[PDB]
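For clarity, chains are labelled A, B, C and D in written order, and residue numbers in each chain start from 1.
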Amino acid sequence: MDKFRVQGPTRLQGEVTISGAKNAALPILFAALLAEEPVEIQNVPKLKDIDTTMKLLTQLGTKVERXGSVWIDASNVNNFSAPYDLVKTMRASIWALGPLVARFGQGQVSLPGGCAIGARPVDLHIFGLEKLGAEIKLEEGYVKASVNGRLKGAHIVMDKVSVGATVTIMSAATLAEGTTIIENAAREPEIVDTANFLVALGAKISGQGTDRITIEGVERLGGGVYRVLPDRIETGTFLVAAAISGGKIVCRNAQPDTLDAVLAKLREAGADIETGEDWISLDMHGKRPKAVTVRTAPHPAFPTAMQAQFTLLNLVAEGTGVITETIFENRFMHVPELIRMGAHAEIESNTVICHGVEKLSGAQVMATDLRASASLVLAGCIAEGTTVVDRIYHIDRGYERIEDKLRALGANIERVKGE
Amino acid sequence: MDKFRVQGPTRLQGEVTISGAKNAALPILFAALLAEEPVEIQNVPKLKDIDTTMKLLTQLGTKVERXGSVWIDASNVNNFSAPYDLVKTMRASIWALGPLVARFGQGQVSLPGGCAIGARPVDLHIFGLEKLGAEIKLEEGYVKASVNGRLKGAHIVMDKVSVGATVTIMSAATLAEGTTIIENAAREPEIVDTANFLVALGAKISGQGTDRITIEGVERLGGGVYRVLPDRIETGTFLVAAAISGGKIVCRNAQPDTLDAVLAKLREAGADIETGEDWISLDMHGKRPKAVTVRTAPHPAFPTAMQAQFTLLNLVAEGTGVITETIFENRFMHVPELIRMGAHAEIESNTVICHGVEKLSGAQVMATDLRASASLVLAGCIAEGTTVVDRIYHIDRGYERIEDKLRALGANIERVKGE
Amino acid sequence: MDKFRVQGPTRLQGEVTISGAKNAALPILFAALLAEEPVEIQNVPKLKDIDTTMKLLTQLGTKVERXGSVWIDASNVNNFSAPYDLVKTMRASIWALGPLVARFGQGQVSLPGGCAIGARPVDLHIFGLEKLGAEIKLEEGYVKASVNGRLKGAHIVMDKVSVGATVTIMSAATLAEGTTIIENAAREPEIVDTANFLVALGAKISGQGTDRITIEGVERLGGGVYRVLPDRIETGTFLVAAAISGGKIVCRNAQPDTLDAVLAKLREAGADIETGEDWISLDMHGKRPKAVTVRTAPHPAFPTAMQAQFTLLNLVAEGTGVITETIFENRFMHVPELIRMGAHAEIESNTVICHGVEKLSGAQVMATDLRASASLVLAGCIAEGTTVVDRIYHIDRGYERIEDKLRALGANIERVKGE
Amino acid sequence: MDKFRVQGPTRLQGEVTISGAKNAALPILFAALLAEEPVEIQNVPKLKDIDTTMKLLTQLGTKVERXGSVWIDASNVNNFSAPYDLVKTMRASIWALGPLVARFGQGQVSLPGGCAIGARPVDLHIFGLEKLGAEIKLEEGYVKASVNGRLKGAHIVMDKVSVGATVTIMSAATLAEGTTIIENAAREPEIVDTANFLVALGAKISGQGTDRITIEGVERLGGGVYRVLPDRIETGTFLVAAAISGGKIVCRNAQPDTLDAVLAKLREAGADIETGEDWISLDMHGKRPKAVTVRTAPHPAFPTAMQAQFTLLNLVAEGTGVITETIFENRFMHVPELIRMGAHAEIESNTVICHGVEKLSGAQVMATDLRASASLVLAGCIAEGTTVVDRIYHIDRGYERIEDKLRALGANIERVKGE
């Protein structure tokens, strides 16, 4: 069981180059199941989830190869089932159902169980496919979908904003007969990126980025080359790294317009931020951050994927900061761990009352999820002494070589064998 | 204390002509404070709040008068205060602060206290004006704002979706120096309508209806003629009137695209719905409605202003319906009253578990707010016997002659004076 | 519409004599319906609710007259109904159902609608009576109960702690055939007081004050004399009065053991508290209070009836105080009003985040409920300037001559007419 | 990674003998640290947590051994620290802090991190010890407590009901100087059992089982023999096993008075229940259960440790059942798993809306916690087909030979080796 041994305090500063967005690469890779011709997806980060996705695609009869890019050849797809033992390691595989049924008239994915940060039901995904004409049946833990011929475009109103469901529906609609309209669609940058990828394959889509997406089905999708956009969460994570350590940092290969909420909040915390066409710089000028108030919500509001990181910022900030999480029912698992490091906070329903302290104390903590693990690692960087973050495998799911990037910023970190 | 005596059951059917939107007319009337030339706002409903708004405007030195239209002449505004005894009757008067400060460099509105359905703080309004350069201070219960010279355009990220705050900021920005960008802006139809009104006066706005509104300030705004859009909540209310009484109805002067969520939910309840360019028809074919699940959220999702009405629908529907309110913390006040009429339901935090029953029994109930009062009146229409809805004054705030429109649909309703 | 005009700031200090408990007198007065012989209830406060109760009792055919005591002669009862017009002004009228059905085999009370602080359903009351053998129906807004012969003792497990329901069931069981056991009964001091009153009339009860109350029915109850215990909420209100004004006070005719939670919290806020057999003294030594964290819950925990008052204390305390209300869904109505006076707070679900300030500014505020009104009046006493609390009629419901008592403590207060 | 392979459907019926209470054995075992003479604790279940507790005790310099009983000789404790690697596997080890500091004037336990069902802070434990005079510092992830001489008795008001904190304080107080009074103490049967155990060692305690526990310290505690009471949760689990499979069962070595709430709810579901001095029988008469409504709360109300099991009951019951969890913020982890087996439900905040179905379908599910694992195993027993419950190690933490006991009731179950 790998772990990270971090020695602090160390001011994090310097430069870092942002990798491709994990949450854009994943939906785009599954969307590739729709491509009949050759496809090359560029700037794909090297993450555990990308490996799992490739393993799943390959089992479906896809030809997959990667490096900076991931080359996909769907053409000859002969299997249409996502095994239980595979989706249990990555629920994002639910995104295979849509393309499979839309292109091959059938598909079955193991119904994902609960996740650490929430139950994360997938009802809207199913509701959407059903509205497009698919017939779904649940048996042996497998959501089995089928349709006689092509799906039919439909006017679908989402009764809850879902990034995942928007992707599933939008993807399946590209090969549908007629026009589909998604009301109250998710506006996340990844949705826009997935949309443009589909359009590159020949799909006809408009409205991506707004709460109404219109898709006009076509007979088939070809192939092509598409470069994934920068990972805004990785970017926000490193900007926070500097903000909490009094450092200064410049993120290269960034996309500023995808972080208005985060940048605004960082400025409220006292950061000196400047942006360029493809870079963001943050300088704390050696100052301790000012406590801020946050409320997660669908894009363009403050993203829930940044909440754990900002919880940390508040826990070492000047004043009382309050964070309210409205997307996932169980995303405060990092709090009890940071408290072990000396933080002071109380959880009341879905909001954490933070009472910032001068300095944290190194201690043995346990990563519970992707963003929490990154938060605990950053905590170790600025804490006084040695911190051991157990279960860092979580971090390998969404951060490409974070160990190296952090070290290059002045961190004293070492990955060490488990047990 | 006026009351409504309703005798049922009576199947509501026929036609109704929708009046101008209450929530478009209000923000537009206050926006008129920016106009230097004469203004004519058409299709303005005759509601108690419109009277109060006119009173307030006149009290600021505006020349106001009305019929179907409301004619405004704010060329010589010579007062900049919205008195307590006035805003205590209509919290929407907070919308005067923005235009006053943007055009005259000053303004003071009584800080509104709590409302029945929620505390409804106005912090985002103030936060927005402050970001535009205004200096605000609260003294003696009055929110006093000032700015030397014009306001300056700014990039403002709304850490909460607010219809009111979006209106305040967007309105004040039209006369600001530079460009303003509102991130995570409210996308309600009224916002779009208010934006187009401002544009008609000469303002430069784009993005209305999306989560990013861009305003480029100008030196001054002129005058003109603008027709308010159809009231989608009145429309939804009457469509529900038919859906719960097994009737059929056609709403004239309607705007279908503003009700996707509502129409989708009505179909789920079993309604046969047809739409035209400016009309909507619903036929229940004498059927009892099927219970539905609702989750209120910012537009284009299911509107909280229709929640009470749908609570009623579920309470007389076949099955167990669940309604989750996410906009206002206390908007279930109608529930205890309907229970007096024989309804069955339990309130768990912010959601009501409904157990539909065949029929309701007439009884004495009390209106607690605008939408609840309309719900109780509809309940009386389909309940068995005589229902008395006390304090219907609430209904006069947002429904233009609902008594007449309902009667024309077959309702047995009478307005009883003094208690 | 009476109002209170308060001039501040003024230290509140001196002495006050606590009146009889409003919430002990009420259930005991209704319990008297069980008495076949004369009954004298001593130390009954002069409150609006006591008048309404006497009005209701008299209209049931009871002979009632009062001063310090309330003399009851329920030997004859010619009416077994509590009218809408009457219960709509006091939901506590529901307590008449139990005794009426237990002694006369029948009874009906108008089903109370919603209340300001919560829906306050009365299901457990009905559930309890039904378990004792009563048959209950809801027709035309009235809950009609009946039983052929006596009620039969039963083992009732309350699946929720309810003061009201415990009183209803315990009272009705005294005339039941057999033994009744109430599991998870409310342990409030008033329950104990009501129990001892019944025992004085000849009833056989044990366990009052614990979560298991055992009642052994008897054929009939006689009469007697019983003195109501001190009102712990009035006591807590005056102790808070001193704590927030840096003053000192001694409450006479108090019962310390009924306020462990409150006294503990006041000490946490920095109060110097001393207690005697029947008195409590609190001295702030001119100190500003320290913010505290509160979580309302059934007795002996912190009482929800003290919550509004402690919200005030936190709002003028040094630090960030957090209050969580778990008894009533909407009991933060005082918050928006105090904010008008300069307080700083945010409401997140069922908890208020308070940010204490040095001084409050006088302003026009509106009482929304009993405890809130008292809170707004105390606010006016310590605020800078003139405060006008509209609708103080609310305060007359549960505070006997609060004006006089506050004045005797140094308050500058006066009641004025004119809505 | 051990798993359970279950073949269904199978009616569970017959008899089972209840083991000693896990949650009474644990606090009593730690309480033994106070004993200067050898102690024999009888009827101790063979659970993983008992092993861990013995490991910890031994590691403190205690002589421990077991079979049906666990023999303890803590006469020579020479070590006072609970290590991270140990408490991370069982947070209940926090109960070592109290006795250690009360008897040896010092003690340090690793601050437990978050748990699956909730953050489970331990603040009240620390607050209590501090009130008794201990000085508590937090360093390196270790809560370190110390006191010069003996602790002093104090009047402690628990501003929240906590089983664990009540045990910690009550245990430490036995060796304190003076009298301690715990206000708003937990009333759980285990508290009563732990109290009587301490009294057996010579401690002076009264009030256990009520809101107020009074402890009068003594110089030292001796030794003795104490038999742990029956495990009410195990009992409830098997009663539910019968109730959901139409079977009949008799639990031997049971203690009925500890399950009033559960038995009442089972009757509401339609069970025919009879009780004896030390046994409980439940017969469903082949009847499918009726949906019920539950709201967890402190004893004697419906226990949260039975919530998962009752969620299952509702999911296969006739009707819509609603369960509201008020003790732990994340105890619905079994829901998503049961949904994989065909169950239908929605989670809204802290309550689950259940829509019972005829029969469940076997599938691969994952145990997430102790009670959830038992629920998934019972689900497998009544589901159609083969169910595989992964991670059943969870079940070994609180159920002694559940495999054997279930088999003896007609279950087709088998523990297949890792993987």
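Here is the rule we go by: a residue touches a chain if its C-beta (ideal position, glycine included) is under 8 Å from a C-beta of that chain, and two chains touch if they have at least 3 such contacts.
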item	value
Superposition rotation for chain B onto chain D, Cα-based, multiple of 5°	180
Pair joined by the larger number of C-beta contacts - A-C, A-B	A-B
Chain centre separation in whole Å, for chain C relative to chain A (CA means)	51
Inter-centroid spacing, chain B versus chain A (mean Cα positions, whole Å)	37
Sites on chain A at which at least two other chains make contact	293, 346, 349
Interchain pairs in contact, sorted by label	A-B, A-C, A-D, B-C, B-D, C-D
Residue ranges of chain C in contact with chain B within the complex	84, 88, 111, 113-114, 119-121, 138-141, 329-330, 332-333, 335-337, 339-342, 346-347, 349, 361-366, 368, 385
Chain B residues touching chain D - in the complex, by the definition given at the top	293, 320, 322, 324, 346, 348-351, 353, 355
Partner chain C, residues of chain D touching it in the complex	155, 157, 159-161, 183-184, 187, 210-212, 260-261, 264-265, 293-295, 297, 300-302
